[PDB]
């Protein structure tokens, strides 16, 4: 009824459009940085200028994707989005963002949240809904109306360099569940939500930012695992699906000549009709907006021309070509005209039926209608909008929420003989060991705060940043003088040197600092009977690098503290747990493969301890 009227409205609006305006809607560029007339190279775009406004009016793009560069402050963001909607000549823009929460956030002053895998660790599907709801509220106040979230890739390859903690789980049901509820949470605030990255990027060991990944599983495994959370959310009302620049020869074994080396490469799903029309649109029944992942990524740009990529995606069935060309000043603006003209030539010849363009643009208009983008609802002043958004974005209540989720997500994997919590006597020396300066700064700040607040006795603190370092006598001396030692380990792909089950602790350089260094610190604390706790900070699989430790947590998020601000809540939440000020309730959303005993799991999915009793939760 409202759905029936919305489809007729989109049809009428599109029937009244020129081919140029229709192709424009199908493009979503970024203007992350810009080099205005007179400037010497592209700077962060935080305020609108009449140059960028002129390409929006010229080309009538359907929307713009914002990056951190564009959204550093709430004040500046409300003004940019008002200003953008001001430049769009006929139809309100989709203003989109990667506010995933956790390790992928953009909003300068917003609530960052622990991230998907921390949500998986917390289990409860209402927390994913509350995250999607709070993000949705913050984006709304800011005038951003699209979120490229949730990632519903299933992270079942622990060597995954691009997804990892951006996934809820290695388990299809947990991911599906938390994915559906994030989506509902966003759609509830009128934010269009995109599932990504279809048909499932969770098994790759290559980053599609850097080259073209291959998933070689059959259709039966692909339907039961990778597709699963997509189908559930598509049925449930998914607004949009984002594609994956990844090859699936079980789905489409069409090859193309790589612009790079002339070689035969399997097509990336983004550019396959079999996957985007056959599978997604038809078998899977998705009639919402298909959007490319960024076409600037090397998985695409290495092997396909610029115009040629855009044309091949649309031919495959996508509605929106995301980041089709990077134009950073007025002198490169013809890149856009060239994509538009290539599409026109494709319509003219009939390689892309103009009716296909119509159906695609209708979808886009209809989403803009469905989510209240069009007509533009708000009649407040920019000044009023900035006052209001200032009270909502990064609000105290929102922080309370992020604090609670981050603390619950904390997973304790070992705590022998009540090593945790640390209850330090006054004047104890606490050694903080972490890869980077911001991480040691975060742990220090949380501790300082704990002292300030009379939660713990006064201790002195010392830092040790070990990225690219070799463990030297100066370091062991610090461990020796320490009363308590807290060490953060950081891995993406876990690749310690190991020979017949023995992690090689004889390496005397710092190529393998990420595994060899923290293991060195451990071995010195254990040799000297120092209270020692290992906190895994990114991918949890490094838990296998410390079987000797008596205490060991994972927090699923690695960003620390710079410029007076915590860039994630996960490290503070683990530090609270360590000092007794928080109750971790987390259980592993993934298996941790044994390092000493290849082929065995060390900690099963769903394993996690009660920090007080030491019994599995």
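Numbering follows the first chain given and starts at 1.
For the two regions 389-397 and 145-153, the entry's Cα B-factors average higher over 389-397. Between the stretches 344-352 and 519-527, it is 344-352 that shows the larger average CA temperature factor. Take 137, 298, 86, 196 and read off each C-alpha B-factor from the entry; 86 has the highest. Taking only the listed residues 103, 322, 406, 284, the entry reports the highest CA temperature factor at 103.
Per the PDB record, residue ranking by Cα B-factor puts residue 69 in the lowest third of the chain. Looking at the C-alpha B-factors along this chain, the one for residue 364 belongs to the lowest third. When the modelled residues of the chain are ordered by C-alpha B-factor, residue 202 sits in the lowest third.
In this PDB entry, the Cα temperature factor of residue 90 sits in the middle third of its chain's modelled residues. Ranked by Cα temperature factor within the chain, residue 599 sits in the highest third according to the deposited record.
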